[PDB]
Structure formats: structure tokens, C-alpha cells
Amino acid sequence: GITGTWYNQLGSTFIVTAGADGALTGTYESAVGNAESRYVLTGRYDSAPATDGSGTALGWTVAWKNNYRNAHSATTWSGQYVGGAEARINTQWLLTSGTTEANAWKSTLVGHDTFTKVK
């Protein structure tokens, strides 16, 4: 149920493939999806989740660098996939920028994203 295209509320598109071994691979891109806005993503997920109705734990990372741009930062999303007619992936994320020692205290932003199968 995880493999496929996902959309968040900001205007980003998450294209992912869930491997049978628990691997997550794909790309993260803008609404348009042009070459310069495409970034590689890799992650892991619980390939054998509980059957008590609980969600499927997962997480992935995107380093904001590709062959055209580099924002010297990386974001990690941690959350869970909830299946159903209105499937969704609920996450909380951490965006860390490369900083000098003096600015390390303010190197990490925290937020939350909800991804759906429909725009």
C-alpha cells in the first residue's frame, strides 16, 4: 500500500517504492517535477506490521543536493502509514542545515507533514 505517488499539503510530490526487504527508495520533487527540483530519497519501513489495526512505522531521508543545486541540508521524516479508503502517511520531520559551531544551536527545524494519495 506504500508504493506509489504521494502528495503533501505544501505542494511536494513523493514517489516511492517499498521493497519486500523493508527498503524505501524513490524521489522527492516539486509540484512541477522538473529535473532541478528532483532529489533522491532512501528510507526503511516495517515490512511485517502488527495486525491489530496499528499503522506501519517508517522513515526516510532526503539530502537537499542533486546535480544542479545544493542547499547544504537534509530532512528526515518519521511517521506511519495508515491504510484504507483514505490512506495517508502521517509524519513529523527534522531539517538540519550544515552550520558553523557558533550557529549549531539553531541548525534544526521541526515540523509535520501529512501525505495523501490524492492532491
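Position 1 is the first residue in the sequence shown; the rest follow in order. Definition used throughout: the rigid core is the maximal C-alpha set that superposes within 1.5 Å between two forms.
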Subject >> Farther-lying stretch by C-alpha RMS in 4 other deposited structures of this protein, rigid core as reference, of 108-116 and 4-12 >> reply: 4-12
**OP:** Could you check whether 77-85 or 31-39 drifts more from the shown form in 4 other deposited structures of this protein, using RMS Cα distance once the core is superposed?
**Re:** 31-39
**OP:** Decide which of the stretches 34-42 and 55-63 has the higher mean C-alpha B-factor, going by the entry.
**Re:** 34-42
**OP:** Could you settle it for me: does 16-24 or 107-115 have the higher average Cα B factor in the PDB entry?
**Re:** 16-24
Subject >> Candidate residues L94, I89, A71, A50, the one whose C-alpha B factor the record puts highest >> reply: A50
